[PDB]
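Just below is one structure, and these are the notes that go with it.
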Number of protein chains: 2
Amino acid sequence: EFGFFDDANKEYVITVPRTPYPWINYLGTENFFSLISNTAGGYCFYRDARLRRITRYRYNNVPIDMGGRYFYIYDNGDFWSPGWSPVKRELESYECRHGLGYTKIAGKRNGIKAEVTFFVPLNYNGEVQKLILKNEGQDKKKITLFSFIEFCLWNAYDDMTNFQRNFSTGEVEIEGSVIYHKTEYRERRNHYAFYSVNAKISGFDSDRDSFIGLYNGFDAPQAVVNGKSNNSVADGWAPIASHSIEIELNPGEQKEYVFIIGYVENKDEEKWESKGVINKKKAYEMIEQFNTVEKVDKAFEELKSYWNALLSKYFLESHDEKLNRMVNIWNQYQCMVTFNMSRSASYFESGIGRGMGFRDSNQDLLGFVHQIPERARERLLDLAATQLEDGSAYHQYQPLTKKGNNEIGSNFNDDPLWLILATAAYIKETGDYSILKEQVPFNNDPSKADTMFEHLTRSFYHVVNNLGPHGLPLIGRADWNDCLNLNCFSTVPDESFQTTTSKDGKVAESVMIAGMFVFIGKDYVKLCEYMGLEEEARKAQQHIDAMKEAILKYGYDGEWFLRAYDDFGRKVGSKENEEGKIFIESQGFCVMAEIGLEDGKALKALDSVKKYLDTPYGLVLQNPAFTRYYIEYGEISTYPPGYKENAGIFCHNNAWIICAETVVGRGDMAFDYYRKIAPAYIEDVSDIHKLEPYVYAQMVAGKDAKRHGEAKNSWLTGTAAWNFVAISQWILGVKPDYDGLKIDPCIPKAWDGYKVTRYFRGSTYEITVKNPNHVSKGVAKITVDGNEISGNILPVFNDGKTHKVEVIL
Amino acid sequence: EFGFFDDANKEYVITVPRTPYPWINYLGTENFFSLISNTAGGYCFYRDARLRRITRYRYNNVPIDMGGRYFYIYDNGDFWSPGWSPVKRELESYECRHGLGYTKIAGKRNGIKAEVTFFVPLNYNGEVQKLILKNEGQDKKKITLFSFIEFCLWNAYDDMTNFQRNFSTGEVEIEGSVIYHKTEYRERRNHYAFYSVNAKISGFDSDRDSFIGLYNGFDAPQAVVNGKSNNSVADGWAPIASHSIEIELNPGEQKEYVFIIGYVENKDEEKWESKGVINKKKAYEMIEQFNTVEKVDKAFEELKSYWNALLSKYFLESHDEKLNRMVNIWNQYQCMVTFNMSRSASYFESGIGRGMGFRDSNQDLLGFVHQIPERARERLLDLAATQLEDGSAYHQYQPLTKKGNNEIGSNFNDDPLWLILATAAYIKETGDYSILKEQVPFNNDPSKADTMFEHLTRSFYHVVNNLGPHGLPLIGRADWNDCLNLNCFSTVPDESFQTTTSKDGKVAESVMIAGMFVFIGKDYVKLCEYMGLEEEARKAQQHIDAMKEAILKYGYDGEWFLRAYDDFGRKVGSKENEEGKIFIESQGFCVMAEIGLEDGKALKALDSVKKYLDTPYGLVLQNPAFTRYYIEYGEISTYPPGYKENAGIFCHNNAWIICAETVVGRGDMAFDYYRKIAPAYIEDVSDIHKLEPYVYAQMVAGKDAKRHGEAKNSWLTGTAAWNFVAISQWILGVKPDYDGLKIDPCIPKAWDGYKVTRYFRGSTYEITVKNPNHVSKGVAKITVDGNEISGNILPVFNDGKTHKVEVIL
Ligand SMILES: OC[C@H]1O[C@@H](O[C@H]2[C@H](O)[C@@H](O)[C@H](O)O[C@@H]2CO)[C@H](O)[C@@H](O)[C@@H]1O
Ligand SMILES: OC[C@H]1O[C@@H](O[C@H]2[C@H](O)[C@@H](O)[C@H](O)O[C@@H]2CO)[C@H](O)[C@@H](O)[C@@H]1O
């Protein structure tokens, strides 16, 4: 391990700066966003990492994670950094606390302690850094403090490619203790950035080559080495911001400073104070907002209250402290962060993309719908507005413009069903059926607008109408697995596997889409019945039954469910195949659809999953891994064995196996699968996992990889939402439902019980589950407010009170 | 100064490594290309810096220029680099010789000297590095040598943006002393790279985090610090190549090693030696090709002979050694390099672009036509094949695919005339009129193909058919000045100034295009007369005369020539304007067209140019500089004053001013303009110039900038070609022409004379010019082989002999 969980403060405490990888945190809630590592590396942006990046950051750098908010303490020739980077001189003590929306970093050297709190306050377009300098020695000290950030030229791709122009465009202004970055403000941009401190400065620097030196690195800037600022004014090349303050500290005396990285937008008419001088009124207001430590503390407390209110809708009390900290703090926090950040910027996503997946946007809603219902409803309507008339969807949704990517296009045939699933989840959470009657346009065209229920109908009948030779849905470009491309057949290195199609797409089928169709058609039929359309519900049920028969006749291999048929009409995921005899997605979604429950097919498939796909670090996508390129399969075989979609552990689809295990009533298996990938349970092998031990990652190397157990692409994935749904609804049995809160746990037998406090439709339910006879599944009795009820659906109160619920299995 | 010229060896010798900016050189002639700095930084690629990059390089890095071919000498705990980078430990001696297609770097520390010669041999797909280690001390030594390169993932944009996939794709093999990089070779790619040394190694490394360490930089890799290789095999993340050799050196003993960075392409049926093992036959042949120092020396001598033959067609003997070294070595070398490299990769061009300008290829042809006439003919035909049917051209030409960029498009209305100018230059150089009768397609469509002369006709009549209200040519998106956008009117950031047009383009005219039309229509009329089309020649002359009258009536401001009219119909470049009262382009091209020679208008315009645009470092584009954004002008006013097109020194049009000065017979002024920007004449202010003192740069900061005199965007520009044409043809007076070689010098009066040896149409002319009366212009007598001739056109011999020519002014 490299740290520990602090549950009372809801923090992760990193105690050594050399983590196996830089472990990061996110700051900001609405528009200003910051990525900050445990050594204070990273960068910030305003609403768009691609088009409004404020500070410069280099991905895949040597050394890693160089560039950030760098403070230099200069003490009589010696100099060091509180985060131990970039200087990397040994510290008496180091600590990084990653909290909810904030990060604290403390470092000590030669009797001088520096503590910095970084956070983005609510309704504020800036990152606030509170710095405490304390003299813990026995002698009076004279030191110099240096701040440093490196600006980006607002357009990351242009900033890293277009030097022939942009080496001559960088412009700054320096006034008082504020350095303003105003590149291209003179022509078309109405926005600028600033770096300020709330104290009189001894000097400044705004030219990178003056502060650092051409042949020096971040670890030893020449101005810091010499102990004084050069007072350089930037002119092209690389604009930066640096203050220098000369401080005398008596023994036991401390001083406090507030540094602000701020973003300002001006109206085109109010752009100039005079000729060539930017208007600084908004920056003055922003800086005065946080010119004392007391105001910063008030904002910090308000952010704490905001996050506490966000996390308070689902509270678990069990005997397992790791489970408690996953359910109560970190899973919900990651779900909220994933809603705030989409898939834009991480230490693996470089921030140059244009949007996120349509299916990913729908799937995250299942995770965060219980925390932000109104924003979830707005997001659902926005996603539905981009749908095409035929019921298909744009593969990439852009939340910034609320539009679909026309360049990427459509023909990912699983995408429409996710909209129905997310809408059903929203309705079951809130009970708000009115969303079905909203007027939603098609293709963002107000002229052709219909009800939201009509959008769901088109989504259902897009699958109904695009059936293949066996009656299973046509896969198209791909399904949930974006690397299963059965219509590509690509031989040329530079073409995309997802948008290049050399086949008509009339043969290749997906049984994973078939399982999704059967699973989500129940919700569609229920919504048909709510709308008063009995014939429509009957016809939809007929189609669902036909799909179920098709899955039984052509989608089962004998001991597990098949994966697909290719353009040749050959089975994918069959025991007759040499490699890839069994995939994981079809098993999970077919068992979740209750197919094979009575004849033992589902149990056989789950036993096969355990036999062939199980590892100590999770379940691999398919077995055996592909050891060569398969032109008929697409991108999946292009990876080396055990990585990404070629038999890696995709923790996103492990949650479906967890749910399916709850379906057959095996709670021990479900919780054992849950524990293998939950961050709090692998904190003890953090060195093997190598990524953050407090958030889910997308991918863990499988048993065929030499790095078996190592993670990639952390912090930004649909794993958090689906795993929270699996643990909180399927295992713990607190399930939203159309008529109310359903209680149906499936837990390990040895558990004596637990309790969950759930806020649901305007009321609080304190549900205590007991297991006197140690079973896994089956409710014997439910009592509400002292009175026995019938069934497993709790009454809806909507009275703002607390109701005691007592459950005996 | 940071070095000196070595004329006998044709090298520039850099003597201090802390040079004001990394000074680079190019290696390779046909397909394999290398950029190498004076500290051995840079990278290689195969024909395409964008899609076939072999080694990784980080632009705009901190510290600058980190990453390259890094050799580490480990001596009993100490370690250092012969290029002084990346280790940056002080050396007893350092030297870098930049030659023609090769670079030598020598470094000495603690009695150990390391000398490395880098070059790409002819007809070889690899970079060869010959390393000599010498013990110059008095004691026997035991050392370890480490090599290091960092691989790229073949697609630089993908390599720097797509970590979510490509952190799991990196693959290598290690066999003997060769490390093979084969990422995606198991897949659609049929090419791989290798790093070899011709000796048994003590160890290797192929994983970056094992050789270097996650938190270490290039300056102190952990394997080098420990003095031992880790023998790591890469698996995803960052593949690298490193050998380690343990060497014992007696006093006075030296060892020799050959390192090769090689590129191999295999046939799809011969990709594998066995399952999972790449076929290494071509790599074995390539490595055996240079496994001894003698073979490397033979290849080095062959490269030297090739480069000597390339520069031998124009040889100057004057009293000025700086002029001699510019004309004989460095200008011609830069012209050939610019033909080989287009505008793809420099230390300012990041290698991500798709091609070069159509006008830029045409203009470079003028520079290199005397060195490679056959390749110039092929390039001319390739450029003409992309022309549209109406005579317009695609703005960006892509020499790799020999096609125009359809996304960028057309409507740059000066582009077609450059094709006529380049074709006329080729015909004047070679006398080969047959190129006019070649069948050339339109829009790369063989069905619609016509003669090359028909292409020139369409180019000529595009201007005739796109005249404006005053009879001057419509400017369209832009003319030669790509930042003068009079139809854009953009208020929104992140949209191209060159391809966004909010006006119909029926008002704005360009005086510069009018001057080009008059200047190049003479050549078009001559070519019309060659084909026997008398009526066509008469009609073309009528159009030229009409353009001349239009320029005289509407293009002259009273003291100088106007620049343009905008979409409002207002004068651009007029004394009535508050800023930008005079531009430089119109003066040069109108005087070159001989428009105001008799009435004193041309002399008046040149005097105005001297009065308003002249600086000690060159001539600025326009005066006064724009101090605010002008929406009606486009990108030109978006720069800060004195940079790029906003009153920077564009050395490209200084050559046109030099030619115009020769036209009015003022040789002192022309040579004074030539000297201000010629690299050999500013080597003494190298610290101010800051870029390479042996090649031209695109841009020097103007008198309105605080960095007045500083250069940007070196090594890749049309400045070299036009300046060589200005010095060698207009000042020295050796001008190719129809019917032969014309002698018409315009030189400073104080010169006594000079001599030029010129290879022209199969014969050599040794031309001695004498100035007994000390005039600037005017030929009194010409004698060939002892017999006085009439006129100033030399006879064509085509006999492979040398002919003595005496010219008396
Ligand atoms: O396959 C599951 C997951 O794939 C995501 O697409 C990735 C893919 O994982 C990767 O192999 C490929 O190289 O890049 C794409 C991104 O374009 C997809 O974004 C998810 O929606 C999907 O669940
Ligand atoms: O203007 C002369 C020169 O311009 C080149 O275009 C550059 C331009 O200099 C720069 O200001 C702008 O930002 O980028 C473009 C490149 O797209 C052009 O390439 C040359 O042909 C032209 O001679």
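A note on labels: chains of the structure tokens are A, B, ... as shown, every chain counts residues from 1, and ligands are counted from 1 in their shown order.
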
Within 8 Å of chain A, which residues of chain B are there when counting only C-alpha atoms? Please give them as an mmCIF file with C-alpha atoms, in the first residue's frame.
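Saved to part_10.cif:
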data_model
loop_
_atom_site.group_PDB
_atom_site.id
_atom_site.type_symbol
_atom_site.label_atom_id
_atom_site.label_comp_id
_atom_site.auth_asym_id
_atom_site.auth_seq_id
_atom_site.Cartn_x
_atom_site.Cartn_y
_atom_site.Cartn_z
ATOM 1 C CA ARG B 18 24.460 25.881 -25.045
ATOM 2 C CA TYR B 59 8.021 19.646 -29.416
ATOM 3 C CA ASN B 60 8.055 22.677 -27.104
ATOM 4 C CA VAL B 62 10.887 21.558 -20.891
ATOM 5 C CA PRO B 63 13.883 21.350 -21.176
ATOM 6 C CA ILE B 64 14.011 21.993 -24.927
ATOM 7 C CA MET B 160 0.262 11.698 -28.709
ATOM 8 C CA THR B 161 -3.545 11.527 -28.314
ATOM 9 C CA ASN B 162 -4.860 7.943 -28.156
ATOM 10 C CA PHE B 163 -3.328 6.463 -24.999
ATOM 11 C CA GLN B 164 -6.586 4.672 -24.083
ATOM 12 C CA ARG B 165 -5.774 2.182 -26.847
ATOM 13 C CA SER B 168 -1.668 -1.630 -24.662
ATOM 14 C CA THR B 169 -0.291 -2.034 -28.205
ATOM 15 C CA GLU B 184 0.654 -3.528 -34.806
ATOM 16 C CA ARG B 186 0.364 -8.731 -35.815
ATOM 17 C CA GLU B 187 -2.192 -6.648 -37.602
ATOM 18 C CA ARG B 188 -2.638 -4.567 -40.767
ATOM 19 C CA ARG B 189 0.919 -3.150 -40.645
ATOM 20 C CA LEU B 214 8.934 6.529 -13.821
ATOM 21 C CA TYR B 215 10.113 9.646 -11.963
ATOM 22 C CA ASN B 216 13.507 10.010 -13.668
ATOM 23 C CA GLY B 217 14.328 11.995 -16.791
ATOM 24 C CA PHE B 218 16.589 11.437 -19.775
ATOM 25 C CA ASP B 235 4.813 -4.849 -22.960
ATOM 26 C CA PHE B 348 8.902 24.620 -35.905
ATOM 27 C CA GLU B 349 6.802 22.423 -38.219
ATOM 28 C CA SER B 350 5.606 19.554 -36.048
ATOM 29 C CA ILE B 352 1.498 16.576 -38.508
ATOM 30 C CA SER B 490 -14.523 36.515 -38.907
ATOM 31 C CA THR B 491 -15.612 37.267 -35.334
ATOM 32 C CA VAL B 492 -15.510 33.692 -33.989
ATOM 33 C CA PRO B 493 -12.298 32.052 -32.717
ATOM 34 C CA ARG B 628 -5.677 46.583 -33.391
ATOM 35 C CA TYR B 629 -7.729 43.872 -35.056
ATOM 36 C CA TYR B 630 -9.107 44.757 -38.492
ATOM 37 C CA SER B 637 -3.779 42.181 -37.941
ATOM 38 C CA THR B 638 -4.197 39.300 -35.460
ATOM 39 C CA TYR B 639 -0.442 39.185 -34.832
ATOM 40 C CA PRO B 640 1.272 41.567 -32.415
ATOM 41 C CA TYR B 643 5.681 39.494 -35.943
ATOM 42 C CA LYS B 644 4.812 37.298 -38.946
ATOM 43 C CA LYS B 706 10.772 44.099 -28.803
ATOM 44 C CA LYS B 712 11.412 32.025 -36.370
ATOM 45 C CA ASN B 713 10.582 29.044 -38.611
#

For residue 689 of chain A, please output as a PyMOL selection string all residues within 6 Å (counting only C-alpha atoms; exclusion window: fewer than 4 positions along the same chain). chain A and resi 709-711

Give the residues close to ligand 1, within 6 Å, counting only C-alpha atoms and all ligand atoms; write them as a tab-separated table (two decimals) with C-alpha atoms, in the first residue's frame.
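After the write, selection_1.tsv holds the following:
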chain	number	residue	atom	x	y	z
A	357	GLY	CA	-20.65	7.59	-26.28
A	360	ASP	CA	-22.17	5.60	-22.07
A	480	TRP	CA	-21.70	-2.60	-26.72
A	481	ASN	CA	-18.34	-4.20	-27.55
A	482	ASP	CA	-16.94	-1.52	-29.86
A	483	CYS	CA	-14.10	-3.81	-31.00
B	165	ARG	CA	-5.77	2.18	-26.85

When you count only C-alpha atoms, which of these residues is closest to residue 253 of chain A: A:425, A:669, A:133, A:393?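 Closest to residue 253 of chain A, using only C-alpha atoms: A:133.
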
Skip residue 312 of chain B itself and residues of its chain fewer than 3 positions away, then list as a list in words all residues within 9 Å of it, counting only C-alpha atoms.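 Listed by chain and then number, they are residues 307, 308, 309, 315, 328, 371, 757, 758 and 759 of chain B.
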
Closest to ligand 2 among B:737, B:415, B:265, B:536, using only C-alpha atoms and all ligand atoms?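 For ligand 2, the nearest of the given residues is B:415.
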
Could you write out, as a count of residues only, all the residues of segment 103-213 of chain B that DSSP marks as strand (DSSP E)? 59

Who sits within 10 Å of segment 96-102 of chain B, only C-alpha atoms, same chain under 5 positions skipped, as a ChimeraX atom specification: /B:3-6,9-17,23-29,33-34,36-40,82-83,107,115-121,127-129,300,303-304,306-308,329-330,333-334,337,694

Pull N, CA and C atoms from the residues just selected and write them as a short mmCIF file (atom, residue, chain, number, x, y, z; two decimals), in the first residue's frame.
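New file again_13.cif:
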data_model
loop_
_atom_site.label_atom_id
_atom_site.label_comp_id
_atom_site.auth_asym_id
_atom_site.auth_seq_id
_atom_site.Cartn_x
_atom_site.Cartn_y
_atom_site.Cartn_z
N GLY B 3 30.33 29.41 -33.10
CA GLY B 3 30.99 28.48 -33.99
C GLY B 3 31.58 29.22 -35.17
N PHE B 4 31.94 28.45 -36.19
CA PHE B 4 32.57 29.02 -37.38
C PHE B 4 32.31 28.14 -38.59
N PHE B 5 32.48 28.72 -39.77
CA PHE B 5 32.34 28.00 -41.03
C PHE B 5 33.66 27.32 -41.38
N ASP B 6 33.59 26.06 -41.78
CA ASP B 6 34.72 25.29 -42.28
C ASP B 6 34.43 25.04 -43.76
N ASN B 9 35.81 21.71 -45.71
CA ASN B 9 35.01 20.52 -45.44
C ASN B 9 33.52 20.75 -45.67
N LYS B 10 33.12 21.98 -45.98
CA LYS B 10 31.71 22.33 -46.19
C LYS B 10 30.87 22.00 -44.96
N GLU B 11 31.33 22.47 -43.81
CA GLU B 11 30.67 22.21 -42.54
C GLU B 11 30.48 23.51 -41.78
N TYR B 12 29.53 23.51 -40.86
CA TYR B 12 29.49 24.50 -39.80
C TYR B 12 29.88 23.83 -38.49
N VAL B 13 30.83 24.42 -37.78
CA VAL B 13 31.38 23.85 -36.56
C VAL B 13 30.83 24.65 -35.39
N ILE B 14 30.02 23.98 -34.58
CA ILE B 14 29.47 24.53 -33.34
C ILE B 14 30.38 24.09 -32.21
N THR B 15 30.88 25.06 -31.44
CA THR B 15 31.90 24.81 -30.44
C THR B 15 31.38 24.83 -29.01
N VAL B 16 30.19 25.37 -28.77
CA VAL B 16 29.58 25.39 -27.45
C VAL B 16 28.21 24.75 -27.55
N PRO B 17 27.84 23.83 -26.65
CA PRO B 17 26.54 23.17 -26.79
C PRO B 17 25.36 24.04 -26.39
N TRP B 23 20.25 23.89 -32.99
CA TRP B 23 20.55 24.07 -34.40
C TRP B 23 20.63 22.70 -35.05
N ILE B 24 19.81 22.48 -36.07
CA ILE B 24 19.54 21.15 -36.57
C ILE B 24 20.12 20.97 -37.97
N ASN B 25 20.12 19.72 -38.42
CA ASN B 25 20.54 19.32 -39.75
C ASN B 25 19.64 18.17 -40.19
N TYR B 26 19.58 17.98 -41.51
CA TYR B 26 18.75 16.95 -42.12
C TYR B 26 19.62 15.87 -42.73
N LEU B 27 19.17 14.62 -42.59
CA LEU B 27 19.84 13.47 -43.17
C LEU B 27 18.85 12.70 -44.03
N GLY B 28 19.34 12.14 -45.12
CA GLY B 28 18.51 11.36 -46.01
C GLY B 28 18.26 12.09 -47.32
N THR B 29 18.07 11.31 -48.38
CA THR B 29 17.91 11.87 -49.71
C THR B 29 16.62 11.45 -50.40
N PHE B 33 14.36 9.80 -43.61
CA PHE B 33 14.76 11.16 -43.27
C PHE B 33 14.96 11.30 -41.77
N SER B 34 15.95 12.11 -41.40
CA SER B 34 16.32 12.34 -40.01
C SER B 34 16.50 13.83 -39.76
N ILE B 36 18.31 16.03 -36.87
CA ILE B 36 19.25 15.87 -35.77
C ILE B 36 19.77 17.23 -35.33
N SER B 37 19.72 17.50 -34.03
CA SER B 37 20.21 18.76 -33.49
C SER B 37 21.69 18.63 -33.12
N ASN B 38 22.27 19.74 -32.66
CA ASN B 38 23.68 19.75 -32.29
C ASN B 38 23.97 18.98 -31.01
N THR B 39 22.94 18.61 -30.24
CA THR B 39 23.10 17.72 -29.10
C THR B 39 22.56 16.33 -29.37
N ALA B 40 22.37 15.98 -30.65
CA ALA B 40 21.87 14.69 -31.13
C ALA B 40 20.39 14.48 -30.84
N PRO B 82 28.16 12.36 -25.10
CA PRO B 82 29.06 13.07 -26.04
C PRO B 82 28.47 14.34 -26.62
N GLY B 83 27.15 14.43 -26.73
CA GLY B 83 26.51 15.65 -27.17
C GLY B 83 26.21 16.63 -26.06
N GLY B 107 32.64 14.47 -28.05
CA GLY B 107 32.68 14.91 -26.67
C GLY B 107 33.73 14.17 -25.87
N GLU B 115 33.22 10.01 -30.41
CA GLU B 115 32.90 10.68 -31.66
C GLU B 115 31.85 9.88 -32.41
N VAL B 116 30.75 10.52 -32.78
CA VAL B 116 29.67 9.85 -33.49
C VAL B 116 29.38 10.58 -34.79
N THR B 117 29.39 9.85 -35.89
CA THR B 117 28.97 10.34 -37.20
C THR B 117 27.60 9.76 -37.52
N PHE B 118 26.61 10.63 -37.72
CA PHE B 118 25.26 10.25 -38.10
C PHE B 118 25.05 10.61 -39.57
N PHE B 119 24.59 9.64 -40.35
CA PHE B 119 24.16 9.96 -41.71
C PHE B 119 23.25 8.85 -42.24
N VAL B 120 22.44 9.21 -43.23
CA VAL B 120 21.62 8.25 -43.96
C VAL B 120 22.34 7.95 -45.28
N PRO B 121 22.79 6.73 -45.51
CA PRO B 121 23.45 6.40 -46.78
C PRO B 121 22.47 6.40 -47.94
N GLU B 127 19.32 5.07 -40.64
CA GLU B 127 20.31 6.02 -40.15
C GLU B 127 21.47 5.25 -39.54
N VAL B 128 22.68 5.53 -40.02
CA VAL B 128 23.90 4.88 -39.58
C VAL B 128 24.65 5.83 -38.66
N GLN B 129 25.06 5.31 -37.50
CA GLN B 129 25.79 6.06 -36.48
C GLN B 129 27.09 5.33 -36.21
N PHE B 300 29.97 6.84 -46.77
CA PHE B 300 30.16 8.25 -46.45
C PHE B 300 30.81 9.00 -47.61
N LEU B 303 28.24 9.46 -50.37
CA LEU B 303 27.34 10.57 -50.06
C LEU B 303 28.02 11.91 -50.30
N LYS B 304 29.30 12.02 -49.92
CA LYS B 304 30.05 13.24 -50.17
C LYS B 304 30.14 13.54 -51.66
N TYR B 306 28.09 12.52 -54.03
CA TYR B 306 26.76 12.88 -54.50
C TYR B 306 26.44 14.34 -54.20
N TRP B 307 26.72 14.78 -52.97
CA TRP B 307 26.43 16.17 -52.62
C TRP B 307 27.37 17.14 -53.34
N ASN B 308 28.60 16.72 -53.63
CA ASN B 308 29.50 17.57 -54.40
C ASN B 308 29.01 17.74 -55.83
N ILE B 329 27.83 26.82 -51.36
CA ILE B 329 27.54 25.69 -50.49
C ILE B 329 26.14 25.75 -49.90
N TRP B 330 25.86 26.78 -49.11
CA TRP B 330 24.75 26.69 -48.16
C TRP B 330 23.40 27.01 -48.80
N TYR B 333 22.51 23.95 -50.94
CA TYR B 333 22.19 22.86 -50.03
C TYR B 333 20.80 23.02 -49.43
N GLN B 334 20.48 24.24 -48.98
CA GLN B 334 19.15 24.47 -48.41
C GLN B 334 18.06 24.29 -49.45
N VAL B 337 17.57 20.56 -49.87
CA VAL B 337 16.92 20.02 -48.69
C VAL B 337 15.44 20.39 -48.68
N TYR B 694 23.44 29.21 -40.75
CA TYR B 694 23.85 28.67 -42.04
C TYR B 694 22.68 28.39 -42.99
#

Which one of B:301, B:198, B:324, B:220 sits closest to residue 286 of chain B if you count only C-alpha atoms?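 Comparing B:301, B:198, B:324, B:220 against residue 286 of chain B, the winner is B:198.
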
Which neighbours of segment 789-805 of chain A fall inside 10 Å, counting only C-alpha atoms, when residues of the same chain fewer than 4 positions from it are skipped, and could you give them as number ranges by chain? A: 431, 735-744, 755-769, 779-785
